[PDB]
Structure formats: structure tokens, C-alpha cells
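Accompanying notes for the structure given below.
Every chain is numbered from 1, with letters handed out A, B, ... down the list of sequences.
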Amino acid sequence: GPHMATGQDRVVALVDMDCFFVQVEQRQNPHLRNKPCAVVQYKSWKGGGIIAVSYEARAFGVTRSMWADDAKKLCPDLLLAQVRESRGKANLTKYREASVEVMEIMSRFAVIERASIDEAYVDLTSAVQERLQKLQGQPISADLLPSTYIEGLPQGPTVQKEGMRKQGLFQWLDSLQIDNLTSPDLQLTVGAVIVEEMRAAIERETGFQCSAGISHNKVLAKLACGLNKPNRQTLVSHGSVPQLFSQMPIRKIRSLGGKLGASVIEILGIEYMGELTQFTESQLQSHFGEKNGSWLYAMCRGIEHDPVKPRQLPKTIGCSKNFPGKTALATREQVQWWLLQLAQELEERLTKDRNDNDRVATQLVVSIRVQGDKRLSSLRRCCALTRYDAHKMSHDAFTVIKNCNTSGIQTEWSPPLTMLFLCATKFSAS
DNA sequence: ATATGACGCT
DNA sequence: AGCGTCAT
Ligand SMILES: Nc1ncnc2c1ncn2[C@H]1C[C@H](O)[C@@H](COP(=O)(O)NP(=O)(O)OP(=O)(O)O)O1
Ligand SMILES: [Mg+2]
Ligand SMILES: [Mg+2]
């Protein structure tokens, strides 16, 4: 009873940039600001594949994955910006550099774990402690929280959204024990105040807006972040979890969006995260394994222990390209040439990495996909990465995959290759 | 015919 | 080591 931990030990935030590639293009080109807008790669097939969408465009039903020509049928005024193309492939440098701007600002507040090109987790537990002693039991003003939502509030005994926001925040603050420095809810509130500040600094210094989740672990933080996007932050407290989870589809929780999530639904005959509570940990372990069962048992009670790993930099650097359908590489010369293109971008990125971050990759991984295999990768092999030299790197990769070629003729390659992928890995200090 | 990155399993 | 899962 007093021995049951509640997963309330930490304050953890997840910050995610609003329509990130779109914002990067909109900052560069004022003409695209406050417009239905999308970022697109490869204008040649159906106008390009959409990979990011402004919220004005979303309101017309434009989504990621969609072809640009089809997006124009839903939204004829849609403005587009194209991904840089270098060496015959998509080049994401602009967005990687924009990402670094954001991560450096967040780094100033606390230790971040970079989770994607546009998001990081933040462990606020220490910052909240320090901010709490400087505050000295002084009540927290709703003015310190001008973009914050308290999930599940307002409740009990207004028409438009900002009215509802404030009402819920007033209820939350009015209930707040500012007397006890170790109250979990109080810790979350102070965490929210800091994330208000962090998000203001990001906007001020970059022009980019973002949303945030503030809770006790990574999973709740990521879930909370999405609940009030764009340009808003959401606090999910321990106590909000039962109602929140009671109608929350299983697939919405991080790691349960694929096969395992589907098997939980299937095997257990449930739909919502909260329904998991009626199962014993041993029952869950028997159906899904020791670690999965353990993790589900605690998670459906809002408890999770994945720590925020102190890592602002990626652990691999990679370049890939699909060669779909009729463009699938079918000769030795095409394979070699495209491996050189990939190796050339890779080298440019590794040398920049070695100078910026005082480390060097030591292993090269080569990955291909062949026509008809619908796996991401058909095959992976590796070799030593000794020199940041594109010509050597591509030669080495060709060497380690050449024998996949099932062809009779010298100059032909079969089966045709639908993807090439070079990944530098196993970094070491230098 | 939609470019990446992290991590688990064996 | 090489493959399978899940993610943006
Ligand atoms: N399948 C994919 N292929 C290529 N790039 C992608 C991608 N998914 C995302 N990106 C790139 C482009 C994206 O801009 C960026 C961040 O991805 P999100 O945070 O999942 N989506 P956004 O930040 O745009 O919208 P909001 O967060 O407001 O919902 O990563
Ligand atoms: Mg985002
Ligand atoms: Mg994101």
C-alpha cells in the first residue's frame, strides 16, 4: 500500500516540432508562411511524395505519403517546397542543421535524448528540484503557463477552446499543494513552467514552433505531446491515466503501433490500454514474454522506466535510396555508380561529423533490397571503415555484396536491386 | 512507386 | 554477425 511505486519519481518531457520540414521551408521563404503548404521529394512522379504538411493544408485532408498531384485535387492552392537533390538523391542537410539549432537550445536546459530529427526527450527531475527551492513555496501563477493544457480538466460544476484551456488550468492550480515540495503533481507543474520557457527560447531563437508533453515517463510524455498539437503543451498527471487510458486505443502507445500491439488486441480480445489492468503480470508475460509482459503490466497503470539517455548525437550515419519498379538497378555499372554516389554523400557527412564531434566511424554496413522481397532489407553485410574515402568505401561495399549477383553475364546484375544503403557505425573517440 | 534511425532476438 | 520490429 505504502510499498506500491506509482511511477511518479521523474519529470520527463517530449518536445516535437510542429510540421518541422514545412517550418524550415517557411522560415526561408516568407511567401509560404500561414498557407496550405507541403514539403515534397522527387517532383517527377505524380509531383513528388509528400513528407510534411502545414496545418492549413491538413485541414483540406492533405497527408504525409500522399503524391503531390493527388494533394492538389484536395487542395488546389497548395504551395510546395522541394527537398534538395544531390547526386541523384534526396539530401536532408537543411533539416539536419535545423534540427541541430533546436537540440542545442534544449541542451541548455537539461540533458536531452534525441529521438528523431525533430524531437527529443528531456529529463527535468533535477531542474524541477532546483526551481522548487528557489521558489520557496510560492504559488504558481497561471501566467507562467500560457500554452499549457491539463489533460482531463476541466471537469464537473464555456464554448471556445482557449476558455476550456484556462478553466482546466485554474481547476488544476487551485487544487495544487504548493506546501509539499515532494508532491508529484507539483513537480509536473514546475516542469511545465520550464518547458513553457524552453519552447519560448526555441521560438525566439529559431522562429520554429513546437508542441510538448510533460509527464513522469517517455511514453506518457510522447502521448501527451500529441494531444494538443500545434503550438501547445500538455501535462498528463499520474491521476489522469485511468480515464485517459480507458478509451485510448492500444496502437497509440509507443511500441504498440505494430505487430505486438495487434497481437495484444487479438489474443486478449481488448481495444483500450486500460483494459490491460485486469490481467496479472504472469498472464501478460505468458502471452507476450518476460520483458513485454512486465512492461505492459506497469505501462497500463501509467508506469514506465525507460530512462532519458544522455545522447544528443546519432550513433549511425547513413544514406539510402530506393530504385523502385522499372528503375531497379540491373547492371554492374549502375550498382557501382550508385554506390559511389551514396559513398560520396556519406563521406561528406562523416568528415563534417569527425570535425564537429571528435569521433570517427569504424564499421561500414551495406544493405540491399531485391525485386519482389517486401522486407526493408533483403541482406546486410559489413566491413571495416578505415578511411573516409568515397571511392574506397563504395569499392568495399561492392566487394561485400557482389556475390549476391545471381547473373550469368559479367555486366548484368540479377535479381534487380530495389534499394542501396550505406551506414557508418561503431564510432570511437578521436 | 513512398530516407533515415534505434534497438531486440538469436 | 545478420535479421526483424518500430519508429519519424
Ligand atoms: N516517413 C517519413 N519519411 C521521410 N521523412 C519523414 C517521415 N516522417 C517524418 N518525416 C520528417 C518530416 C517531418 O517534418 C519530420 C518530423 O516528423 P513528425 O514530427 O512525425 N511530423 P511533423 O514534425 O512534420 O508534424 P507534427 O509533428 O506537427 O505532426 O520528419
Ligand atoms: Mg513534429
Ligand atoms: Mg516528430
In whole angstroms, the gap separating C1' of B:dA3 from CH2 of A:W338 amounts to 13 Å
Closest to the 5' end of DNA chain C, once A:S377 and A:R254 are matched to their nearest nucleotides, is A:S377
Between CZ of A:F20 and P of B:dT4 the distance, given in whole Å, is 15 Å
A:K89 atom NZ is separated from B:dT2 atom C1', nearest whole Å, by 15 Å
Indicate whether OP1 or OP2 belonging to B:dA3 is found under 4.0 Å from a side-chain N or O atom of A:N322. yes
Considering only heavy side-chain atoms of A:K321, the closest of C:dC6, B:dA3, C:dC3 is B:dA3
Of the candidates B:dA6, B:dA3, C:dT8, the side chain of A:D16 sits closest to C:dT8
Taking OP1 and OP2 of B:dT4, is either one under 4.0 Å from a side-chain nitrogen or oxygen of A:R96? yes
Classify the nucleic acid contact of A:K46 as base, sugar-phosphate or nothing, counting any heavy atom under 4.0 Å across all strands shown.
nothing
Can a side chain N or O of A:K315 be found less than 4.0 Å away from OP1 or OP2 on B:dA6? no
Would you call A:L339 and A:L420 a side-chain contact if the rule is heavy atoms closer than 4.5 Å?
-> yes
When we call it a touch if two heavy atoms are under 4.0 Å apart, what does A:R349 touch: a base, just sugar-phosphate, or nothing?
-> sugar-phosphate
OP1 or OP2 of B:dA3 sitting under 4.0 Å from any side-chain N/O of A:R64? no
Worksheet item: For A:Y42 and B:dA3, is the shortest distance between a side-chain N/O and OP1 or OP2 below 4.0 Å?
Response: yes
Tell me what A:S320 touches on the nucleic acid: a base, only sugar-phosphate, or nothing, going by heavy atoms under 4.0 Å.
base
Considering only heavy side-chain atoms of A:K309, the closest of B:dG5, B:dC7, C:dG2 is B:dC7
Which of B:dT4, B:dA6, B:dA3 is nearest the side chain of A:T316? It is B:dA6
When you compare the side chain of A:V15 with that of A:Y121, does any pair of heavy atoms fall below 4.5 Å? no
Note: for A:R114 and A:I51 on DNA chain B, the residue whose nearest nucleotide lies more 5' is A:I51
Closest to the side chain of A:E119, out of B:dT4, C:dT8, B:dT2, is C:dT8
When rounded to whole Å, the CD to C1' distance for the pair A:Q41 and B:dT2 reads 8 Å
Result for 5'-nearest mapping on DNA chain B, choosing between A:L376 and A:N292, is A:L376
Of the candidates B:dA6, C:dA1, C:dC6, the side chain of A:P314 sits closest to B:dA6
Phosphate OP1/OP2 of C:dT8 contacted by A:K222 side-chain N/O (<4.0 Å): yes
A:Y297 six-ring face occupied by A:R301 cation (under 6.0 Å, within 45°) = yes
* To do: With the side chain counted from C-beta on, respond yes when A:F21 and A:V53 share a heavy-atom pair under 4.5 Å apart, and no when they do not.
  => no
**Prompt:** Hey, is the side chain of A:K218 poking within less than 4.0 Å of OP1 or OP2 on C:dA7, counting only N and O atoms?
**Reply:** no
A:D118 has its side chain closest, among C:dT8, B:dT4, C:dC3, to C:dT8
Counting any heavy atom closer than 4.0 Å, what does A:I317 reach on the DNA or RNA strands: base, sugar-phosphate only, or nothing? sugar-phosphate
Inter-nucleotide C1' distance (C:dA7, B:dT2), Å rounded: 16 Å
**Prompt:** Is it true that A:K218 and A:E304 make a salt bridge, defined as a side-chain N closer than 4.0 Å to a carboxylate O?
**Reply:** no
Taking the side chain as C-beta and beyond, is there a heavy-atom pair between A:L132 and A:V190 under 4.5 Å? yes
From CG of A:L329 across to P of B:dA1 the rounded distance in Å is 14 Å
Closest to the side chain of A:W67, out of B:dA3, C:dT8, B:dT2, is B:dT2
note: A:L346, atom CG; B:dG5, atom P; distance rounded to Å ~ 10 Å
Atom CE of A:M66 and atom P of B:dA1 are separated, to the nearest Å, by 19 Å
Per atom distances to the A:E345 side chain, the nearest of B:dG8, B:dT4, C:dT8 is B:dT4
**Prompt:** Thinking salt bridges, do A:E197 and A:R131 make one under a 4.0 Å N-O criterion?
**Reply:** yes
Exercise. Given side chains that start at C-beta, do those of A:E347 and A:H391 come closer than 4.5 Å, heavy atoms only?
Worked result: no
The nucleotide from B:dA3, C:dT8, B:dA1 with an atom nearest the side chain of A:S116 is C:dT8
Whole-Å distance, A:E113 CD to C:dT8 P, equals 14 Å
- Just call it for A:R375: base, sugar-phosphate, or nothing, with non-hydrogen atoms closer than 4.0 Å on any strand. sugar-phosphate
Answer with base, sugar-phosphate or nothing: what part of the nucleic acid does A:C382 contact at a heavy-atom distance below 4.0 Å? sugar-phosphate
C:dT5 to B:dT4 separation - P atoms, rounded to the nearest Å: 23 Å
What integer number of Å spans the P atoms of C:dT8 and B:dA1? 24 Å
